[PDB]
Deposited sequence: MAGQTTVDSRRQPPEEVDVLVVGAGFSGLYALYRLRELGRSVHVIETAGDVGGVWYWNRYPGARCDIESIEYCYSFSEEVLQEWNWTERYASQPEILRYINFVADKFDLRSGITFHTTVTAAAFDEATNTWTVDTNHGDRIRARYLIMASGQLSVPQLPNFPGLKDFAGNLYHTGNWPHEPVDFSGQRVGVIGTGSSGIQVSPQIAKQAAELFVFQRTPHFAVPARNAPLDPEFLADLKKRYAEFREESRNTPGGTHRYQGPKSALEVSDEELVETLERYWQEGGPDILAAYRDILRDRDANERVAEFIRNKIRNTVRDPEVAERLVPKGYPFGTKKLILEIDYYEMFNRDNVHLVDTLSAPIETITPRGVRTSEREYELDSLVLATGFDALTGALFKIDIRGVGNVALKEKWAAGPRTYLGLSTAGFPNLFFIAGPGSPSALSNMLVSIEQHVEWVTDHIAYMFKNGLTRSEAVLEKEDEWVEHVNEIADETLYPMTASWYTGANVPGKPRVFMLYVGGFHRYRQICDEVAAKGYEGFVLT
């Protein structure tokens, strides 16, 4: 295509966030355009084409709600949508609303500066494009910059993959000795798929993550047709929860119940499948003794599923509270370790020294491999922004304002960078809820804000320093009543060497955050200085 020279709003990213922003700003009567590195729309579901890639929120929850047409027409097929289906869904939405005409593909934003003279952003690309825009909306994702973990890497003679940059043609592992590094949810999803083709699968686990069974199933078309009659009502229920989904909020303490009640209640969640067990009790994420009561139950289920108790014990998560890393939904992951051709390489015990040209050496031995898959995650939440040279007032780099951790007012803007907005990022609920609920709310609040600026004749919107300071403090304070900050997770930035350890997300629940945001808007955007 080709980016316009001037535009009311420039949006970066064509995944869920950017698509909705483009749609809604058009509907608001604004000129808007999108720059996207990828060859086409989808964002994470464009990039994460590893086999077994699948959402952990139910298909009926994980979808747009802005368009009645879309809710009535689209049919989901399974409890949880695999990546191809979600990508087909996003394509369907792009077509329906003709979004591709406002998007330049194959183009990476590399810099952006705020010009105080004009109250506009100047944005440059890796193609030479230079765009002038009143407002800049960063919809560049939360888990969109692959993290490659390092000594022997470029030496590897075989094929090298990262799950977050998977080839667009399916990949044949038939006959191969294959290694996976990462047992986060990417590796836990990709591994049983690989184990079916490979002669030998080596799973390189470091800290074992908690996974519970997904128990995927066909989605009954009769249930779907029924749900469609009440869909807006149903999504509205989802928006009035902490997590953006129909999870039941267990009112009891995990400490108050008897042993027999605990086992029974949790057994029920384990048979049902899904992530809801995370809210079986109100204090699982607040109190270390409540947490441990749940964690031990799960731990015993793991020892149950694997026949060799030596391998079994190696898969049991230790050292950190259940649910403080992302909780993972597994499909046949544990059962896979009972196969003859799958070997758990415990690297807490025998750390990876180096990659060789033949494979991977740990302290203990060398494993030869034809293919190596990195399921090693992402430079989360800040990674995409930090890959861009972004400059605010007095030429402050964002990289510098945020060097000790991200600093925002509501997660939506940062002081000294006016007219710039982050969609579903640090300082807001983000990945702690159903992201379609997080993303829709932010797109609507930001684009309402833009509309309100234009109608009132204003051209400059900035967060007030002391409000940002109060916001950061409040985020840290509420985070500090949970067990989240106790643990090294991507939420904490802890998977990136050198990255400052700070819990980056709002933990007070989607619903409360949204109230705070509405109260702000209704007061003429309190905490913002508009001129």
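J.: Which ranges of the deposited chain go unmodelled, in order along the sequence?
T.: No C-alpha coordinates exist for 1-10, 160.
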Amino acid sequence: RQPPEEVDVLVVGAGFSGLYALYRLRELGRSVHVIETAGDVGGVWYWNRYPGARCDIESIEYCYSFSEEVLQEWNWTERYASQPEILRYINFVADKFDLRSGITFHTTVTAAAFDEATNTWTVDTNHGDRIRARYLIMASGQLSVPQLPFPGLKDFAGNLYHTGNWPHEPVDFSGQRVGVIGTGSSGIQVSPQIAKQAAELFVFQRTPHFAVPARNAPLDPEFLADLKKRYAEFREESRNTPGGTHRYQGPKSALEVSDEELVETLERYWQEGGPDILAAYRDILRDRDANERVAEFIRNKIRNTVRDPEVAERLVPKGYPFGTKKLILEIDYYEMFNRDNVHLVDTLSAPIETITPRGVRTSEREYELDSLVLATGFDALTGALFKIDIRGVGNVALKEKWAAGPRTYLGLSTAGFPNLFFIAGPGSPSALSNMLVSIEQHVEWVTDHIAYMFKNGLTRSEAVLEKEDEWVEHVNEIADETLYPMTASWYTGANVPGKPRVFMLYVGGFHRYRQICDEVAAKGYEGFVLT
From here on, numbers count along this sequence of modelled residues.
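J.: Going by the B-factors listed in the PDB entry, is the mean over the C-alpha atoms higher for 329-337 or for 348-356?
T.: Going by the record's values, the stretch with the higher mean is 348-356.
J.: Comparing average C-alpha B factors as deposited, tell me which of 429-437 and 365-373 sits higher.
T.: Comparing 429-437 with 365-373, the higher average CA B-factor belongs to 365-373.
J.: Comparing recorded Cα B-factors across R314, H246, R79, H209, which one is largest?
T.: Most elevated C-alpha B-factor of the set, per the entry: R314.
J.: Between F150, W445, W402, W74, which carries the biggest CA temperature factor in the record?
T.: It is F150.
J.: Sort the modelled residues of this chain by their C-alpha B factor and say whether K467 lands in the lowest, middle or highest third.
T.: Middle third by C-alpha B-factor.
J.: When the deposited Cα B-factors of this chain's modelled residues are ordered and cut into thirds, is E85 in the lowest, the middle or the highest one?
T.: Lowest third of the chain for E85's C-alpha B-factor.
J.: Divide the modelled residues of the chain into thirds by Cα B-factor and specify which third, lowest, middle or highest, holds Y281.
T.: Middle third, going by the recorded CA B-factors of the chain.
J.: Splitting the chain's C-alpha B-factors into thirds, which one does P500 fall into?
T.: Ranked within chain, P500 CA B lands in the middle tercile.
J.: Please say which third, lowest, middle or highest, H33 falls into when its CA temperature factor is compared across its chain.
T.: According to the entry, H33 has a C-alpha B-factor in the chain's middle third.
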